[PDB]
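Comments concern the structure below.
Here the Cβ positions follow ideal geometry from the backbone for every residue, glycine too, while neighbour counts run over all protein chains shown. Only the coordinates and a few stated rules stand behind these numbers; no lab work does.
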Amino acid sequence: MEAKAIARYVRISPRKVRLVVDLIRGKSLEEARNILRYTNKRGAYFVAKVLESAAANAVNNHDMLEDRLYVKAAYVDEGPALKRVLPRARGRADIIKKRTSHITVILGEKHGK
Amino acid sequence: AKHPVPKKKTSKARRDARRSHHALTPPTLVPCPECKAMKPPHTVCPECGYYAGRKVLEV
Amino acid sequence: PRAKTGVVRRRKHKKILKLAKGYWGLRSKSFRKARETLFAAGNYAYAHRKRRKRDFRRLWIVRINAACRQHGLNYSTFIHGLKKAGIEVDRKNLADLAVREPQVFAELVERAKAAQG
Amino acid sequence: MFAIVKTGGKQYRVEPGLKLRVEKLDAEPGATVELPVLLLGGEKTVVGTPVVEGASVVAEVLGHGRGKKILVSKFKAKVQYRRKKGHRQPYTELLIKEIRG
Amino acid sequence: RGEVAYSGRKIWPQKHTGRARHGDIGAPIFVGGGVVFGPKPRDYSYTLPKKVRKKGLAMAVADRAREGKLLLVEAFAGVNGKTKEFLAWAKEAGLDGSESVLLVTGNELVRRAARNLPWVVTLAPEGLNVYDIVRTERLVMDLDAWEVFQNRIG
Amino acid sequence: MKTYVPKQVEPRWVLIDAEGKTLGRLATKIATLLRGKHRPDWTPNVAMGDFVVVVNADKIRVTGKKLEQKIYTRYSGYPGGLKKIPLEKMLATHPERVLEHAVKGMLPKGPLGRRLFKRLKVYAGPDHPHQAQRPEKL
RNA sequence: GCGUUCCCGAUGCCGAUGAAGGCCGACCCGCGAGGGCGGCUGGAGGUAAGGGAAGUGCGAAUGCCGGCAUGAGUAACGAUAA
RNA sequence: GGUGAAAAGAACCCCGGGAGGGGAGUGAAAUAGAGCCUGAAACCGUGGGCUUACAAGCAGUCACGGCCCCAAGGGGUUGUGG
Ligand SMILES: [Mg+2]
Ligand SMILES: [Mg+2]
Ligand SMILES: [Mg+2]
Ligand SMILES: [Mg+2]
Ligand SMILES: [Mg+2]
Ligand SMILES: [Mg+2]
Ligand SMILES: [Mg+2]
Ligand SMILES: [Mg+2]
Ligand SMILES: [Mg+2]
Ligand SMILES: [Mg+2]
Ligand SMILES: [Mg+2]
Ligand SMILES: [Mg+2]
Ligand SMILES: [Mg+2]
Ligand SMILES: [Mg+2]
Ligand SMILES: [Mg+2]
Ligand SMILES: [Mg+2]
Ligand SMILES: [Mg+2]
Ligand SMILES: [Mg+2]
Ligand SMILES: [Mg+2]
Ligand SMILES: [Mg+2]
Ligand SMILES: [Mg+2]
Ligand SMILES: [Mg+2]
Ligand SMILES: [Mg+2]
Ligand SMILES: [Mg+2]
Ligand SMILES: [Mg+2]
Ligand SMILES: [Mg+2]
Ligand SMILES: [Mg+2]
Ligand SMILES: [Mg+2]
Ligand SMILES: [Mg+2]
Ligand SMILES: [Mg+2]
Ligand SMILES: [Mg+2]
Ligand SMILES: [Mg+2]
């Protein structure tokens, strides 16, 4: 059994968040939180936050039991970019694109033999 | 928009290869004698403060 | 009536791309880089199908040589001996006799230097 | 034993009981047996004896299931302004089961 | 590209944009653009040799007849143009409906009657024509019509 | 249909001492041996020739004049240096190379060729402190 | 020759026991263009034999419209009055 | 431009400031959940199989060999040789 979360349209850029999601892929939820807690990155906030939601769901909706659970897989996917103008010299006008993320965490439970 | 400019779209491969160093390092962390907590070495942290430590508050 | 591209093109493309599966960059991903790669591949195979016929000739001839030079003499002498003896046999291919059952080959050698003695 | 038959303009080492393809033979029925040209002995206790196109009476008997098969390849020719695919070659095959030396 | 709603202003300098050379956006490389050899309204009719028309109509009936599918009726007990009636009539006429019939008469009423039937293609005698003849399996005409036909050709 | 191919074979060492020989006429043989062109298993994609040890280089004879006649360009340094060293000298100082260069030269260009050259063991003999199988070919 | 759109064929025929379209296929047919057959998706259309008619087949036109890449986590974030 | 036959447009609970999501519920169907039918391709990701740090390239092709899913054969991969 697994439990998942997904934040959609987060509005940080994938490349940027992926970086921290890579940090927690496959750790105990404990380790996960600790790591995010002291990871110096905007993405920390977001990822952690959806970690938490995943955990909740797990325990609360899938009688899953905190102590036992880790990050089975995680991953961020690109959402639709917000395209803004950015004016340049000689009146050129480029389009900057603030990108947008879909973060996904899915926890499982670990052992017991 | 001017003088030097790249002559070829750079392959996924070569893009990714460049990024073989971009991976993040997990924060470095430790016990804290008073809390079962985790804090960076050589820092006070929001509980534990210290033995003769300054901090939030403690009784 | 209008007849828009509709389906057609996508399909003709997938066809080519199916063929280009396995190739490197967009050579396997680009419905045209693929087609470029494919032309070459076609020619190479045609060229190479003819090549194969020779690649093996050579193996064999080297096979034979090492083995009959092993009883002391040229592939060339050996072959002439055979010709002179009459032996549609061998077919450079079937001097694998050189390897499995040497006794056979050995005799063949004698025959070869027989018609040369 | 052994034996080096010649057929399809190619020669093969045929063994006590096997086969591969040889090329369409006028052996119209599958339920048949042709014997093909012998060409070198075999070496066992039955012999070890070769000869000048082995026209030594001895034949190899082979029966054969079969059907003019096919396969694939695809022969594309290309230049520059010239392409030709108009060859899917498959190639009539003839399967066999060799019976005795 | 002329019939099109746009302007004719030429969109770019033509010479140092560093874009492709272009005129107005009507030109058919454009999407916005106008159609190239599009269809226009046209008249597909042509005068097929009167004689051939005659030959054909003859040839057509002929055929249907050499098959045993031509029938000249006379008895139309069907009246006031009532489908029930034509039906019953077509019954003891042989026309059961397993065969498409081109009923040709001048009888306005027999038209009305046989009209709405899916397996019947009703037609006045001056309407006799090969397409209809061939469309249908069986051919049924009142001598009335068979005369005007015999009179479209003698 | 047939085929030919060999299953992994145990390599066979060999010891030769062309102490008196013309390098290159010697070397030519040493190569044929390196790639297994003498064995009738020969298979070109696979690398299965003798191992080949050679005591007594120095010694190797050489035809006409190659006193500062035969010159080993061989070394392009990198910036302005095409170091060239005459045959006498090689022998005079690390002479095992004379036969090495020779053999490497008549070996095929690929990874495999690169590999076979490793299988060659040349010592300014006699004595190839190194053998636990030496079987002298001539 | 193949295939696309449309008409006759059609008051027909195929179709929720699944149309078109999409994704697979190492199978069958065809020299090939293609055509089949099977699985998955899809959820309402499709349309033989044989003919008829065309807005009928794209890789290139510094083509056109759109989407998304590369450069790149790079230059930069607009007065050095803090 | 287009959810669905019908808003039946998701009460309520859970994490979250919210957005978002997880359950619950409606629905024949919810990867029909609201710029929602179908949902191709470029492009971005996650997992897996084979592969790779002495090697020289229009990137393929031909032959052999090794490993990985079915068995006188196929499929995927690619080490070396041409
Ligand atoms: Mg301005
Ligand atoms: Mg850009
Ligand atoms: Mg990649
Ligand atoms: Mg078109
Ligand atoms: Mg020319
Ligand atoms: Mg105008
Ligand atoms: Mg003007
Ligand atoms: Mg330009
Ligand atoms: Mg330009
Ligand atoms: Mg228009
Ligand atoms: Mg005309
Ligand atoms: Mg009617
Ligand atoms: Mg239409
Ligand atoms: Mg039905
Ligand atoms: Mg059914
Ligand atoms: Mg259609
Ligand atoms: Mg056109
Ligand atoms: Mg062209
Ligand atoms: Mg563009
Ligand atoms: Mg840079
Ligand atoms: Mg910099
Ligand atoms: Mg900077
Ligand atoms: Mg509606
Ligand atoms: Mg679906
Ligand atoms: Mg749906
Ligand atoms: Mg619908
Ligand atoms: Mg959709
Ligand atoms: Mg992967
Ligand atoms: Mg090296
Ligand atoms: Mg290596
Ligand atoms: Mg390399
Ligand atoms: Mg190669």
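How much net charge surrounds residue F:36 when only other residues with a Cβ under 11 Å from its Cβ are counted (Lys, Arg +1; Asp, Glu -1)? Result for the local shell: +3. Sorting the Cα pairs of chain D by distance into bins of 10 Å, from 0 upward, gives 14, 37, 23, 14, 8, 3, 0 percent per bin.
Looking at chain A as a GNM with Cα springs under 10 Å, which of A:51, A:36, A:65 has the largest mean-square fluctuation? Comparing A:51, A:36, A:65 in the GNM, the peak value goes to A:65.
For peptide C:63-70, the mean count of partner chain Cβ atoms within 10 Å of a residue's Cβ comes to 4. Among E:120-130, E:41-51, the peptide with the highest mean count of other Cβ atoms within 10 Å heads the list, and the full ranking is E:120-130, E:41-51. Equivalent ellipsoid of chain E: semi-axes from √(5λ) of the C-alpha gyration tensor, largest first, are 59, 19, 13 Å. The residue list D:35, C:77, B:10 was ranked by how far each Cα lies along the charge dipole of the protein assembly as shown toward its positive end, using unit charges on Cβ atoms, and B:10 comes out on top. Distance from the C-alpha centroid of the range A:63-94 to that of the range E:67-119: 77 Å, rounded to the whole angstrom. Put in order of Cβ neighbour count within 10 Å, fewest first, the listed residues E:96, E:24, C:90 become E:96, E:24, C:90. Computed from Cα positions, the angle between helix A:42-61 and the longest principal axis of chain A comes to roughly 40 degrees.
Distance between the 7 Å Cα→Cβ label points at residue C:74 and residue D:78: 4.5 nm. Measure nothing but the geometry: give the 0 to 90° angle between the long axis through the Cα atoms of E:50-67 and the longest principal axis through the Cα atoms of chain E, rounded to 10°. With both axes taken from Cα atoms, the answer is about 50 degrees.
The value for the protein assembly as shown of Rg(Cα) / (2.2 N^0.38 Å) is 1.75. With θ taken as phi - 60° and the Karplus curve 6.51 cos²θ - 1.76 cosθ + 1.60 applied, the whole-hertz 3J(HN,Hα) list for the range D:34-40 is 9, 9, x, 3, 7, 6, 8 Hz, x standing for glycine and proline. Placing +1 on the Cβ of every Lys and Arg and -1 on the Cβ of every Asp and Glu, with no other charges, gives the protein assembly as shown a dipole of roughly 4620 debye about its Cα centre. Rg and Dmax of the range A:2-110, both derived from C-alpha coordinates alone, stand at 16.7, 62 Å. Normalised by the number of residues in chain F, the mean separation of alpha-carbon contacts (under 8 Å, six or more apart) gives a relative contact order of 33 percent.
Cβ crowding within 10 Å ranks C:76, C:28 as C:76, C:28, fewest other Cβ atoms first. The angle between the Cα long axis of helix C:33-68 and the longest principal axis of the Cα atoms of chain C comes to about 10 degrees, rounded to the nearest 10. For the range F:1-88, the share of alpha carbon pairs falling in successive 10 Å distance bins from zero is 14, 30, 26, 21, 8, 1 percent. Over all directions, the projected convex hull of the C-alpha atoms in chain C averages 12.2 nm² in area. Take every Cα pair under 8 Å whose residues are at least 6 apart in sequence, average their separation, divide by the length of chain A, and the relative contact order is 41 percent. The range D:54-101 and the range C:11-45 have Cα centres lying 28 Å from one another. Here the residues B:25, E:17, F:32, ranked from fewest to most Cβ neighbours within 10 Å of their Cβ, fall in the order B:25, E:17, F:32.
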